[PDB]
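First listed ligand is number 1; within each ligand, the first listed atom is number 1. Along the sequence shown, residues are numbered consecutively beginning with 1.
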Amino acid sequence: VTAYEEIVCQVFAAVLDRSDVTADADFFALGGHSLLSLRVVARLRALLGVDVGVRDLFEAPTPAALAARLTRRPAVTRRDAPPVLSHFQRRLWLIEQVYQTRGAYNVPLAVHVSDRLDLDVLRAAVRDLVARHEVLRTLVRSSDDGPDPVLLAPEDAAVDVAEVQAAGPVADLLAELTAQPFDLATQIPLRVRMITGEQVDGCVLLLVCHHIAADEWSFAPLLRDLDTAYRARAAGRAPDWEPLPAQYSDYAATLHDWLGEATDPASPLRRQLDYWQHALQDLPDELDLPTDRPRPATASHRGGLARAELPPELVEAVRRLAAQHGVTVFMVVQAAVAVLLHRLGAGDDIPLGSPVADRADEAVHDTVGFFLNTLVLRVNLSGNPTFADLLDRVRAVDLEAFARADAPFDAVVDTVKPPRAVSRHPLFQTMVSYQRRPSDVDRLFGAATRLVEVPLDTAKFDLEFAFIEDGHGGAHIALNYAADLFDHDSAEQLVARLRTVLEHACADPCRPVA
Ligand SMILES: *P(=O)(O)OCC(C)(C)[C@@H](O)C(=O)NCCC(=O)NCCNC(=O)[C@@H](N)CC(C)C
């Protein structure tokens with residue numbers, strides 16, 4: 001979970017009257033002292049509702065260490081250790097067997113480079129990246145009882161690096177290259193394409209990963225390691241890196257041993273499952289939402305991407321609104337989405353899905369892998385509350401849920417036992433997330449670089465709203481919608497309505513949600 005770290009950050013910022021609080025910054029180095037520690041403790045007790053003391057701040061003076069302290073799980077330890085498929089990976093493999101996802105669970109990473117890179121040096125750099133991170137060369141075979149991992153040696157890991165000439169626009173080409181299917185049993189879950197053309201000034205570097213090997217949080221380590229490996233091979237040298245604290249299989253083995261078995265009543269898995277069974281009781285099968293077409297018998301996973309650019313003034317107003325009411329920016333976006341669905345006639349019981357990153361352990365905080373568990377955040381909007389009252393409801397719902405974020409979502413589905421159907425995702429069909437793209441990626445590969453948005457031809461749910469920060473000040477709302485249900489114009493209107501909800505909430509949080 002990251003919400004604790006963000007809350008401690010804004011409490012640091014407010015108490016210090018300071019606007020450069022990072023996760024690893026020391027409280028006393030930023031200008032804090034003993035008297036100011038009282039305000040940090042008091043504010044963290046009122047916001048997180050956990051017993052915090054002055055001693056906790058002195059022993060854990062950074063927002064990352066303090067957040068971890070405030071939340072018995074063994075640390076990740078290293079282990080030719082055999083690969084261990086995490087429950088995320090098994091569930092991601094499973095969704096490709098249940099549905100034809102059309103590449104919806106491929107994650108893209110597109111970087112425009114002012115110079116056309118050297119394909120041979122790039123291929124060598126990718127081989128080094130694949131050799132460093134075992135999860136990028138871990139195959140998944142379908143056996144009798146399900147998935148079985150196969151780790152390829154670096155010499156046997158045949159990388160997929162190629163140059164593609166773009167006659168067409170270039171943004172449409174990225175969509176289609178992203179959705180190209182992976183054969184998880186034979187091909188490594190990483191494809192690399194270099195797009196050049198007469199309309200492409202320089203080149204566009206596209207990293208297509210299957211989610212089984214990487215989440216959106218892996219963008220920073222992927223780019224950093226690929227940059228250092230490219231600049232080393234360009235200089236005729238193997239990259240010289242500090243060894244990895246752990247591979248993904250180390251994290252997976254540690255997590256599953258600590259999770260325990262669902263039959264053990266005292267295991268963390270069972271105790272968290274019992275919470276979700278009660279928290280998700282009498283859940284709506286599906287929210288009644290106005291769609292352009294009725295739900296088809298099978299979710300085709302066809303989709304589009306509607307974007308809403310946010311003005312910098314609104315982004316800061318959202319930041320100010322979050323710090324004002326003691327909630328994270330995600331909680332404001334999640335409350336705004338709930339208001340939007342409520343005003344569309346969905347009712348007072350709004351279950352929204354949301355990803356929660358399991359990157360608290362410092363050995364996996366900056367590593368490549370999939371750490372996003374899916375949680376059902378069930379917010380109630382009865383009693384015609386104000387947006388401020390809703391922000392308090394959302395925080396109470398989120399913090400209670402974030403304390404049980406380790407139960408695998410597939411196990412949660414199995415315990416809640418909703419009416420199953422391949423026409424819809426279970427327990428929720430609208431997901432909301434807050435994402436931050438990597439910062440300081442403007443001067444990579446010895447050139448000028450910038451992340452490029454990839455329009456998607458796929459969708460995982462009915463609706464997926466993401467508050468995406470680009471890493472260099474800007475922010476925008478992305479709505480990944482199912483084309484089976486919504487036309488592109490309807491999605492564009494939906495995301496513009498979400499921005500209006502936020503603008504109205506920042507202006508006056510005392511207005512009723514109705
Ligand atoms: P943070 O680390 O920034 O601040 C710590 C703080 C507030 C400086 C405390 O450590 C603190 O208050 N230190 C001073 C404590 C102190 O000096 N107590 C003695 C006060 N004098 C007496 O009590 C009196 N009996 C002296 C006798 C005559 C020896």
Electrostatic pair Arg45:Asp51 at N-O distance under 4.0 angstrom: yes
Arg395 and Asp392 ion-paired at < 4.0 Å: yes
First-shell residues of ligand 1 [heavy atom, distance under 4.0 Å]: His33, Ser34
For residues 497-505, which side-chain donor-acceptor pairs fall under 3.5 Å, sequence neighbours excluded?
residue: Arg499; atom: NE; partner: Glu503; partner atom: OE2; Å: 2.5
residue: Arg499; atom: NH1; partner: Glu309; partner atom: O; Å: 3.0
residue: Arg499; atom: NH2; partner: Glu503; partner atom: OE2; Å: 3.2
residue: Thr500; atom: OG1; partner: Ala496; partner atom: O; Å: 3.0
residue: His504; atom: ND1; partner: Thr500; partner atom: O; Å: 3.1

Parallel, tilted or perpendicular, as decided by the 30° and 60° cut-offs, for the rings of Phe371 and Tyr248: perpendicular
Geometric class of the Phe461/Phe428 ring pair [parallel <30°, tilted 30-60°, perpendicular >60°]: tilted
Distance flag, aromatic centroids of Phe12 and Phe27, threshold under 6.0 Å: yes
